[PDB]
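Structure first, then comments.
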């Protein structure tokens, strides 16, 4: 007598590594980064019309 | 404790200095300038038919 049981392969996934600039929405930002924000209080931007 | 406040950028405008002879309305005028008009009574323009 000869018997066995077998695995025929096992499968994974690949996470879609999405950069933000690959999105078409990246126009609607001005993504300019801080090395510090948690040390800051209320910041401001001045408009003159 | 270390804190901030921020003034990020100061935004202005540019006024639109429209010349009247850059307009498509300026056909309907005949604009010849007077150096004086207040020295003038009723003046006339003649027509012959």
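Protein chains in written order, with the authors' numbering: chain V, 51 to 99; chain U, 51 to 99. Every residue, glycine too, gets a C-beta built ideally from N, C-alpha and C.
By the Cβ rule, the region 53-67 of chain U counts as touching the region 91-98 of chain V, because three or more pairs are nearer than 8 Å.
Against residue 66 (chain U), chain V offers no close residue; the least beta-carbon distance is about 14 Å (beta-carbon pairs closer than 8 Å). Residues of chain U with a Cβ closer than 9 Å to the Cβ of residue 95 (chain V) are, in chain order, 56, 57, 58, 59, 60, 61.
Rounded to the nearest angstrom, the gap between the Cα atoms of residue 71 (chain V) and residue 65 (chain V) is 17 Å. The beta-carbon of residue 99 (chain V) is placed less than 8 Å from the nearest beta-carbon of chain U. When 7 Å is used as the limit between beta carbons, residue 52 (chain U) is near these residues of chain V: 89, in chain order.
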